[PDB]
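Protein chains in written order, with UniProt numbering: chain A, 1 to 339; chain B, 1452 to 1500; chain C, 1649 to 1697; chain D, 912 to 960; chain E, 2 to 349; chain F, 33 to 351; chain G, 36 to 363; chain H, 1 to 261. In this text, a Cβ means the ideal position worked out from N, Cα and C, and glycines have one as well. Please read the structure below before turning to the comments.
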Ligand SMILES: Nc1ncnc2c1ncn2[C@@H]1O[C@H](COP(=O)(O)OP(=O)(O)OP(O)(O)=S)[C@@H](O)[C@H]1O
Ligand SMILES: Nc1ncnc2c1ncn2[C@@H]1O[C@H](COP(=O)(O)OP(=O)(O)OP(O)(O)=S)[C@@H](O)[C@H]1O
Ligand SMILES: Nc1ncnc2c1ncn2[C@@H]1O[C@H](COP(=O)(O)OP(=O)(O)O)[C@@H](O)[C@H]1O
Ligand SMILES: Nc1ncnc2c1ncn2[C@@H]1O[C@H](COP(=O)(O)OP(=O)(O)O)[C@@H](O)[C@H]1O
Ligand SMILES: [Mg+2]
Ligand SMILES: [Mg+2]
């Protein structure tokens, strides 16, 4: 029940004199305004304008723009005098069991409209959190009400959705947004907001964001407020992400020094900078395919850090796992350096 | 009259996998090379697992 | 055959099973319990498997 | 290509499947039934048939 | 009413060996606000007798009365389970491990009802009810997390002695809030002393040679020593220094199995040894016990370079055995790989 | 005028039109022909034809009385204790005049959402009224049904469908729809439907509505799987033990945005039917299962796929 | 009735916490404005992060309002993120009136102290981020993690992050002297030094072991033996005997030594820790060092998987045995 | 700045118990014309509408148009402790977030006052035109309550049909079918109402039992009720409260499907 109170209060909510949520500044409005995934949006426009909209499954990593897209589609299909009469919005906030599917959903999909005649629509945000029996009733309520009401399923993990439910709808994946298309957006935000930023700043902003403009705006917002300047160092310090120079020195210590010296240096740096061994493993793996090695070095090293990433999951001692991480390089690469 | 052995593999749904001429252990004993035969052996193990 | 037992030991440990074993008791051949009677309530599981 | 990731063969079997039974079980006479009773008795000597 | 329970010490001062930490436990119960205790040591070293002695020291002798009560609990997955628990008016006894992956469930509600019992039953003796969780090494990770949530919710309501053999599977947060009590195995002379004590308490007199031989054969397991001594008593009314101390029958069946291991290396021998291990597992012997016994048997004939190799393949295969569910496959994998190595070794 | 989905526009109405699990098909055919069917539990993969077979069996056995002597429960209905208390017992006691050998029929669509106590109630009702009433049920996992419900029934098994059968039904439906196509689209549309042709007709309709022509590129634009040729190239590089290119295009799939789980599943189903040595195939399968357990336990990163690929590649060089 | 010393002896106020200077400055400035931000405390455990946040909440609010306006939870829940999210929603939704008689009214936002902030997945952390943005104004949080690196980026962009470096051994030696003199227990300074060196810079574990030791002894002298076996710390001559058996050339004395370790009750984990600590700072070859340390790592995995202590120790000693005896 | 004086609190209690289960919350909008409520179901299948004229209240005062939203459960908890004969005051400020219910003394010795927080929500003015209905009847409320609760325990849904013969109720339940036929010559003796039609064409639709039972929870408001019904424009239940206002109800029918061959 409710929780639409907080969203409706939140939409025109800002201090507007001191708060500056620039993530909330730049919102696309319609499919012609969402400048990404243009094939998907044009396909939606084609299916809408032919009265041939199939059941939809919009899935992808969060923040890629599924909810605003389907909100634009809903406002396009139906005017503001009949939007609540034809579109039902739900999510996992109102989880009481499977009674949602046989309650509001089954009652809503079983009736005609109220004022004007036309096909209806239900959007189910975060439908991955629906239980297996809830989804298993949801497939039936789709099957026996397919001609009256179309269904939109907003999801984040494709695999968990039961096969028949993905079978009765077509699917659209909101993939990561390509960096070549995301650099002009951040350049526009920077020039509009008079921000000093270098090329490593753009590179770190797009690399950390992993094709999400919301998360990029969050990072640049935080760095601009915390420092007033944005670069690789300022972003990574504000993020608390591994600095590339630091992990480069970590790699240098395993590839040049001996066991004990590199061991205590990396231990002191982890204490000094607050790093957990998972992220060192990720960033050194990012360095492995870039630094030139023979193939045998690459397979042996990759297998060993894979097994270390396994062993770190169960929750063993991180100290001995760091030691084995140094040992992986000490076995092969430093022996060849001696050679 | 002719005997009617073979309700055991029919119970496990193995007749939905193999040919009616094929027997279970007869298919097990020989060498598996054909891609279709190997998918039927995969489906057999998939049913028992 | 020793290589085969190495493989099937790998399929016991380092392959998951379809149904999670020892879900309600321990492994088989145990005198502690194993009298896991089925459920008696109409409330759904609400599990996240 | 055809059958690149599966068993899509150009040739297709016809007449091997769809073998309808239409089986009419003739009612057993006294002699063959008693022979089958004695077969059961020789299979299970401890059963009061 | 065997020798281990009839002649069990009842108070802290009646303990015969390891007097010092018994006195420290007396100081702990004298302080009156002891936090949760974890107690550990090898089997037969005297953990449970120390636990019940500090229980009897803690409350009155109403600890000494014991009954059995049965608990039926619905799972979060809605499949009820029935377990048997030992109970008293002052303490509770739970071994959760019988629930398997549902150990976590057995963590909360009984203790919660024990909390409710602490909210219900008032005697003005002490402000908590203690419960002994047995074999906490077999608790799963989520079960231990649920235990941590239970203890950081009901620290002022109930207490818990944690009987285990190894704190390895105990996660470090559980080790962080519970006081460690290491209970080492008794020495040979201590076993002989308490053994002569229980024989004089039985009215029997034996030579010290039998006591020392029995102490060495028990391998610092005092419970096994007392049971075996009772077996020697059943064998002979008088005690003679060369009385044949009996051998454990599954141990010697395992020994003949190992004889079949080292004798012939044939696939028929593998299958018949597999049937022998089937007989052992139908006799409900734990798989790690079977493994430890068989490796300790077979290592006596192994040469120096073979012993180490057998060591890492045994540890690796038993790592998979605890990773695995059905121990049969891992045990047969070990035995067949040892067939391969051993046959490769006498041929060169 | 309404766009009827082809999954229900081309659902069979006669039992012979259903392919797959042909022995049980013939048994259901003879039970439709004669009658006095026992209680049936159909179990199999989803989208196999279980509900179709049950409904066609009911239609063939009843005929005009299908609106009265038949009653249906799915997970959309209540299916609690009180309805299996009142409604199903009231029908099982309800008098219906039928031809000889013909019984009232109750269908429990996808009985895996029955609660345990609901089945415990259902047992006596289904076993005492067996003179006039028969029960049919469908499920995907038989273990979700309690043991006495099986023990009071005959249970039948359905399997994932043979690709030749799927190919025949798809050429049938594109003949009845006049669909322009290539063979490329046929192997794509079937690879996207591993034995479950409900996916085949669904993605067929999606391809025809979205592009209007059937070829591999259109199928993989609408279904959005990682490309079969890319992962075939991955395992081919594994055969050559060439780590560089295989990792490069794996990183390409990663920044393309595919999840860990469908990548490892596609890797499985591509190195399954790949043309290469059987022993190395066995090693590859066990390795990809091992890495899949890593994703399944929670840890799902590029480092995991890199170590996957590395052990795959070192399998070739190490004898 | 009585309380453990760790909360009994934690500082009441910020400025009373020692060894941290910029942290005290920024927390004091945020307390002066009566608008504490959302905090993210990272550093080794026992460094005083919980003590600092409790002191800050005690300074901002009233002591009777302190426990009312804080809710202490942990985040590695075995029942999922939905349960703790529902508790957070229940605590934020439930509002109780609060005032101070000291002359300053309390801020309207409450405090939820959620520890182990480095232990969740990215999905659960994103759910917590949505919960964060749900209650941005009416509750400000303090996430305590061992490592800031595991924090996903939307949280780290809106939280004031504070490093807590471990304290130099002299200052917590002085603090433990203060505890000992205020808790009337006879301890030698060598005992306090040994307690520090087995505490490994963890002041919270140090004072926990100190209170536990003084209640074990009941007022007697806290010897080195009781603090040797209250932390589970293995005696060092046992480690030396293990290395001597590995150097010796006999597997019989190897398994005899392992049997001596296991029937003593000494856990395999602590043995692996001290074996590793010896090996990392030795004159051994880096090839041998690497082979032994990867063996140690996989043995740690094996024992965490439920394997026997004895088997893993035999295999570990066999590998160290072969590595030492290869050069000999 | 808003003052309303409910003449009798029995009407307010009656409308609240009439809509107690229907809706999540009550969002009223006030104008100099009067007070209005057009709130549409959480399951999104029905709408309650209530228009009360300014002259119906003892004193109605407005400064501007205001739409405020109130949670229903606490509103019910407050109003269930009020006398039915009482005169009530509803006070709303111009920009405050609290509405005041000033109940006069039911016991003539204790004036009661209660407060309610305001809950912000997106509410749209569902401005449906009032088209000409092909079927209009007037028929007493208590009879319509007794027949819905009659057919509810029979059927999970009711087939309404309106023809020249009269108004007709069917319900095919599992126990069996239930039919009720009324006539225009059929005049009742319980409240002395002659059932009438102003219909044009026969129409048959199907509606759920639950909502109609909770529409009959609005029985004591008016003696007779007006049913308006069309082939496309859905079911209208209209109570005409004496000098207070009118209470319209929009319920959409269930879809109907033809059985396959
Ligand atoms: N392609 C895009 N271009 C511009 N803004 C975008 C784009 N995608 C997302 N956004 C922003 O994201 C906001 C909401 O997007 P959402 O639909 O909520 O993202 P999502 O993919 O649905 O995943 P969630 O909602 O975070 S779980 C919009 O208001 C935009 O500011
Ligand atoms: N073997 C088949 N032959 C012909 N059409 C089929 C077959 N299997 C599925 N279909 C079609 O796909 C639809 C799905 O069939 P169902 O029987 O509902 O699937 P199922 O095997 O019962 O598994 P479910 O429905 O996921 S529990 C049918 O309505 C047909 O249109
Ligand atoms: N001081 C003692 N006097 C007599 N018997 C003892 C003493 N200490 C231990 N024992 C015996 O040793 C056995 C050890 O069993 P238990 O108490 O369960 O400890 P553990 O848990 O280590 O096996 C007990 O049966 C007990 O009878
Ligand atoms: N800098 C310090 N000044 C004063 N006391 C400290 C300091 N650091 C640690 N302590 C003591 O150590 C204990 C650490 O507890 P806690 O705050 O939980 O540490 P953490 O939050 O780092 O785990 C506190 O109770 C406090 O008494
Ligand atoms: Mg979204
Ligand atoms: Mg089906």
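Item to check | Around ligand 1, Cβ to any heavy atom closer than 7 Å, ordered along the chain | outcome: 23(A), 26(A), 27(A), 28(A), 34(A), 35(A), 36(A), 37(A), 60(A), 62(A), 63(A), 64(A), 65(A), 66(A), 67(A), 68(A), 69(A), 126(A), 154(A), 156(A), 174(A), 177(A), 213(A) and 214(A)
Checklist entry - In terms of alpha-carbon separation, which member of 1497(B), 1471(B), 1478(B) and 1485(B) lies closest to residue 927(D)? => result 1471(B)
Checklist entry - Alpha carbon to alpha carbon, what distance is there between residue 134(H) and residue 197(H)? => result 10 Å
Next on the checklist: For ligand 4, I want to know if residue 198(G) counts as a neighbour, meaning its beta carbon is within less than 7 Å of at least one of the ligand's heavy atoms.
Outcome noted: no
Checklist entry - Is residue 221(F) near ligand 2, in the sense that its beta carbon is under 7 Å from a heavy atom of that ligand? => result no
Checklist entry - For ligand 4, any of its heavy atoms closer than 7 Å to the Cβ of residue 53(G)? => result yes
Next on the checklist: Let me check understanding here. Comparing Cα to Cα, which of 116(G), 114(G) and 129(G) lies closest to residue 106(G)?
Outcome noted: 129(G)
Item to check | Supposed close pair residue 135(G), residue 100(G) - CB separation, criterion 8 Å | outcome: 7 Å
Item to check | According to DSSP, residues forming a beta bridge with residue 113(H) | outcome: 102(H)
Next on the checklist: Let me see if you follow: with CB-CB separation under 8 Å, is residue 185(E) close to chain G or not?
Outcome noted: yes
Checklist entry - How about residue 167(F): is its C-beta nearer than 8 Å to some C-beta of chain H? => result no
Next on the checklist: In the DSSP output, what is residue 140(H) paired with across the bridge?
Outcome noted: 224(H)
Item to check | Proximal residues of chain A, C-beta to C-beta of residue 1694(C) below 7 Å | outcome: 97 and 131
Item to check | Members of the region 1674-1694 of chain C that neighbour chain F once the beta carbon cut-off is set at 8 Å | outcome: 1686, 1687, 1688, 1689, 1690, 1691 and 1692
Item to check | Reference residue 257(G), options 245(G), 267(G), 94(G) and 266(G), closest by Cα | outcome: 245(G)
Next on the checklist: Can you pull out the residues from the region 300-317 of chain G whose beta carbon lies closer than 9 Å to at least one beta carbon of chain A?
Outcome noted: 304, 307, 308, 311, 312, 314, 315, 316 and 317
Checklist entry - At a Cβ cut of 9 Å, what residues of the region 227-242 of chain F count as close to chain B, listed as they run along the chain? => result 227
Checklist entry - Any heavy atom of ligand 6 closer than 7 Å to the CB of residue 83(F)? => result yes
Checklist entry - Where DSSP assigns a beta bridge to residue 34(H), which residues make up the other side? => result 31(H) and 53(H)
Item to check | Distance between residue 345(F) and residue 326(E) (C-alpha atoms, nearest Å) | outcome: 30 Å
Next on the checklist: Please report the distance separating the alpha-carbon of residue 310(F) from that of residue 1653(C).
Outcome noted: 18 Å
Next on the checklist: On the DSSP bridge list, what partners appear for residue 239(H)?
Outcome noted: 225(H) and 247(H)
Next on the checklist: Judging by CA-CA distance, which residue of 16(A), 173(A), 91(A) and 45(A) is the nearest neighbour of residue 291(F)?
Outcome noted: 173(A)
Checklist entry - If you drop the 5 nearest sequence neighbours on each side, which residues of the same chain put their C-beta closer than 6 Å to that of residue 50(H)? => result 37 and 247
Checklist entry - Counting along the chain, where does the beta strand (DSSP E) carrying residue 107(G) start and finish? => result 105-108
Next on the checklist: Counting beta carbon pairs with one atom in the region 238-247 of chain A and one in the region 130-150 of chain G, are three or more of them shorter than 8 Å?
Outcome noted: no
Item to check | Neighbourhood of residue 100(E) by C-beta, 8 Å cutoff - its chain only, sequence neighbours within 5 removed | outcome: 82, 84, 106 and 107
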